[PDB]
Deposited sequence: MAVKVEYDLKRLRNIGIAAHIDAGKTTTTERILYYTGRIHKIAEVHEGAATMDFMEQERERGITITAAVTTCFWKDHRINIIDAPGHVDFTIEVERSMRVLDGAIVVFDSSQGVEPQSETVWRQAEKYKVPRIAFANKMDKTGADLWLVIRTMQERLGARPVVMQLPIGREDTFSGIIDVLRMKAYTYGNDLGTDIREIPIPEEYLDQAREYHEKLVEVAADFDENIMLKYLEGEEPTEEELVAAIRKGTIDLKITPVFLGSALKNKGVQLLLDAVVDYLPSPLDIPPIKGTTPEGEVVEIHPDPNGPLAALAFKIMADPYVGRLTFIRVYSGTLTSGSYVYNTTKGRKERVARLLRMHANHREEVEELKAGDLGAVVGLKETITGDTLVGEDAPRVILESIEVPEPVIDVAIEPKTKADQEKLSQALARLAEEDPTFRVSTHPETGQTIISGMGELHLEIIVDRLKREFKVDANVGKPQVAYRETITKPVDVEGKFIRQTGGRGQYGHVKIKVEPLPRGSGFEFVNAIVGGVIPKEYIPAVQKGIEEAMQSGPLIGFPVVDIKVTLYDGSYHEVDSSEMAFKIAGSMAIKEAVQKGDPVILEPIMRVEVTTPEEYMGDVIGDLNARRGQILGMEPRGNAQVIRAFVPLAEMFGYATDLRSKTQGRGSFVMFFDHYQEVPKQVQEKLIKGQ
């Protein structure tokens, strides 16, 4: 027997500018691969299929489309990529953005000039622009027969044969000889191809010299080596829509894209912090990454995983190293184009879905019960730095918004719901504009919740900068009785990020013990709104140390208020100050636009940390206030002729300069 072979795995992702043909190309890969296995929602995060004895796991799901969380993780999870270019989109400036991503995560790729049928279809413009702008070193693997409407065929220039397509349905294909008017062009590019292969094979170099045509297999193997070691980009061509070229692209996935053997081992960290390489050994200890959780309308919660080492067995227990608990793997599944398949196991190099696993979230590492504890993804609590207010038009929209968030907080445990202290509205808080922007689209559409949605707003905080010693006195005859509460507190600043710290130095019934929770609750509520701009108070330690009470007039109501009053007083007395989030920012740019990107970041109150090169591009690292980063994606495209791209992570909170302090009151 046999079925699992590591050499025959081909984990891929299709990377394309929006509208280039990612989806159509994927659908067509799924149609052609599913033909043999028929006479003996979609899409899923990973969809398996078969071609010429090889298993191709097609990694997607994102959604989005700027969402760096989903993109990073999905790149570690695939081994190789097909970058689809639109042949008819002339400049295609943001098609560069997705190339930079593949370069960033060191993923071997082939290219597919995908709309040859269309008006404007220009293979050569794709090759030249790949050369000049991306520094990709493309190698022409195919030549088109016909142009635009009359696009009828494709020449494979490696093997010196061609194919004609008798229809647009993908149901008539015939190995033809290279026709007359194309044959000279094929000889030129075939020996250009042989020339490129000679750089990664000394045997082929010696053959090229003599004019001896090398063996097809030696040629495939040399282009493959150069592809996998990131020195060339084989280019193929077609119309996905008109079912021309998609079977040859599938051949290229097997010929040139990597198995999980061919790429460097994934890097992981022990709990000790020692970095280690994780080899794809199916009989080794299990190590696996959850990279997408998925609600399902049949089997329920599905966590999609990539096994890097060992074997994951259905009916086993695995250890979630990020959290600290055993979980039960109930079942394993592969998602095919039309159907599900139950499987007994997923070995190293492979991907699928596990039912079970209730407490595992995206990015979590799963290892064997008695296996080395490794953490693949670096741990980080991502800060809710952006809030959006949201008001349902009726009471009927209130309860189905409450369901929209409690049900969407389980798939995505990374946002934070609350209620504005001085208004009373629902406030979703998250890692960015676009995290909240698509939560809002899932709310109004998928959960049918129409609501008055407010401007995105940065999550400012407030704190004090010197120690203070203050009172709160609530003493009133209100609502038919006397009320009395009296607190004294020392408040002092805590180290940035340390949070909140309450200390009871009440020494002798000076405030009766029964009212001590009341004063804490008062302190708590009053910290929700600071004196400067009404935003939460953080990073302080409060110490209750004196007070008084009245024999009959004191109450929890009175001491709570006395607590609020004391906190209000202290924050205003304590040289208060606004804290804003500061983001880590990596901008990728062409070098001619590079001085202009630095200057613009400095005008945004940025500090430049340092730039290193990435391909023919340049990666600038910097700190900038998130408050200064609004509308940045458009402003960056303006100063890079659309070729730039960035990613943005929370780093720390810092004290705003007093010039900004004044601007924020209104």
{"query": "Deposited-sequence segments unaccounted for in the coordinates", "finding": "1 to 3, 44 to 63, 690 to 691"}
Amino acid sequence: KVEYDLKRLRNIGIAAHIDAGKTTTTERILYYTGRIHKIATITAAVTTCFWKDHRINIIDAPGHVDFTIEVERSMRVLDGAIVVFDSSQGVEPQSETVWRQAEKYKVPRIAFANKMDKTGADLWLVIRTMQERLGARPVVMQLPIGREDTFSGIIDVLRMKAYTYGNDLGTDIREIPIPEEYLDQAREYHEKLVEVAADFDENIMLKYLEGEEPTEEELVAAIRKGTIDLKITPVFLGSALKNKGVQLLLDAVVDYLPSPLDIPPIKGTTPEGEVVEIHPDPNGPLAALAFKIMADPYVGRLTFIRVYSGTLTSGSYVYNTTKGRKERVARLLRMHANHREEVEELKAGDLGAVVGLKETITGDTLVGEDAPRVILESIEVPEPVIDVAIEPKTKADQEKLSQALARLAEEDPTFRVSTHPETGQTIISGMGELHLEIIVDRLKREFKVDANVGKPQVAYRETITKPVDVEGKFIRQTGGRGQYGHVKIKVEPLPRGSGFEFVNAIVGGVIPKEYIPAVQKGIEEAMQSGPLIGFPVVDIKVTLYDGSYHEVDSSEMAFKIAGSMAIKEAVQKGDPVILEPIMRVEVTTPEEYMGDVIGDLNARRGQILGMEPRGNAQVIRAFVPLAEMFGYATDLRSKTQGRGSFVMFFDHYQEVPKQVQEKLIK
From here on, numbers count along this sequence of modelled residues.
property: Mean temperature factor over C-alpha atoms, higher-scoring stretch between 384 to 392 and 548 to 556; result: 384 to 392
property: Higher-B stretch (mean Cα B-factor, as the entry records it), 172 to 180 or 415 to 423; result: 415 to 423
property: 594, 570, 141, 511, ranked by C-alpha B-factor: the highest one; result: 594
property: Criterion, highest CA B-factor; candidates, 468, 162, 228, 453; result: 453
property: Third of chain Cα B-factors occupied by residue 488; result: lowest
property: Chain third (lowest, middle, highest) by recorded CA B-factor, residue given as residue 656; result: highest
property: For residue 624, the third of its chain into which the C-alpha B factor falls; result: middle
property: CA B-factor placement of residue 566, once the chain's modelled residues are sorted into thirds; result: middle
property: Entry-reported Cα temperature factor of residue 617, expressed as the chain third it lands in; result: middle
